[PDB]
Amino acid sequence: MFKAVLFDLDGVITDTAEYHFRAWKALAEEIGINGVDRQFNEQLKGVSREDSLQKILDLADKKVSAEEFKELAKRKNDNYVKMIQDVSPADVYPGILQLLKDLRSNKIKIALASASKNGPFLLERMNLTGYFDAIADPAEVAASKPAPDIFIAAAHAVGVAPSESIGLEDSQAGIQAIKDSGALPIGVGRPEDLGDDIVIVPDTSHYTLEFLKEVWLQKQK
């Protein structure tokens, strides 16, 4: 039986994408860059803050100093943080709260493996802090996804090997990161946005303890 579940945040526990979009668009418009639209924003899904800014500057062809780069990222984050102040428990994705309750009741470890440095605050906004045994720190791994580092850290943060864990993800890079850690991925969304050779559910209402247990047994030899 698996000993831990390693949760991505954005697209699994909640959606942060519209907030990130408005913030990046505002930043792009502030510096006079065209191209940051809803189509482009899909490329930034699951991507780190710094890698996201770099992609926007390549709309381009914009060069900036290392300190200018840091200031731009700080500006966008400051705006993003103002906007997520009204995140609430109503923003928890379907099925996720009951899954967390059931994992906790069965003494299965719960860890966050999100790229977001705003993860702890978001979990607090959603009243989920108490469920999480640990939060892997993005600022102390990287290697961003698809590197397995954040999932390895999340597993180790709760005293388990990735091989003893399930990872939940909504992105290609995240699914690959789970695989390369040794944990078992279960993706949410469309297969073309996730990857191959994995169990996939169309939405998070399918993430039940019963289903995770069944999938676990299916993937043991």
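For the two forms, the rigid core is made up of the largest set of C-alpha atoms that agree within 1.5 Å on superposition. Residue numbers run from 1 along the displayed sequence.
Review point. In 6 other deposited structures of this protein, superposed on the rigid core, which stretch sits farther off in Cα RMS terms, 136-144 or 119-127?
Key: If we average over structures and residues in 6 other deposited structures of this protein, the farther stretch is 136-144.
**Study point:** Which of 174-182 and 33-41 strays further in 6 other deposited structures of this protein - Cα RMS after rigid core alignment
**Key:** Clearly, after the core fit, the stretch farther away in 6 other deposited structures of this protein is 33-41.
Review point. On average, are the C-alpha B-factors higher in 59-67 or in 164-172?
Key: On average, C-alpha B-factors are higher across 59-67.
Practice item. Determine, for stretches 44-52 and 182-190, which one has the higher mean CA B-factor as deposited. Key: 44-52 has the higher mean C-alpha B-factor.
Review point. Of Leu100, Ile108, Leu123, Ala139, which one's C-alpha B factor is largest in the deposited record?
Key: The C-alpha B-factor peaks, among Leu100, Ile108, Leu123, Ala139, at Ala139.
Check your understanding: So among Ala177, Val158, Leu27, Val36, who wins on Cα B-factor in the entry?
Key -> The record points to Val36.
Practice item. Would you please rank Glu210 by its C-alpha temperature factor against the other modelled residues of its chain and give the third it falls in: lowest, middle or highest? Key: It belongs to the middle third of the chain when residues are ordered by C-alpha B-factor.
Practice item. Determine, from the deposited record, the chain-internal third of the Cα B-factor for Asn127: lowest, middle or highest. Key: Its C-alpha B-factor, which the entry lists for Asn127, ranks in the lowest third among residues of this chain.
Exercise for review: Looking at the entry's B-factor column for C-alpha atoms only, identify whether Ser144 ranks in the lowest, middle or highest third of its chain.
Suggested key: CA B-factor rank for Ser144: highest third.
Exercise for review: Quick one: classify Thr14 as lowest, middle or highest third of the chain based on its Cα B-factor.
Suggested key: Middle third - that is where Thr14 ends up once the chain's C-alpha B-factors are sorted.
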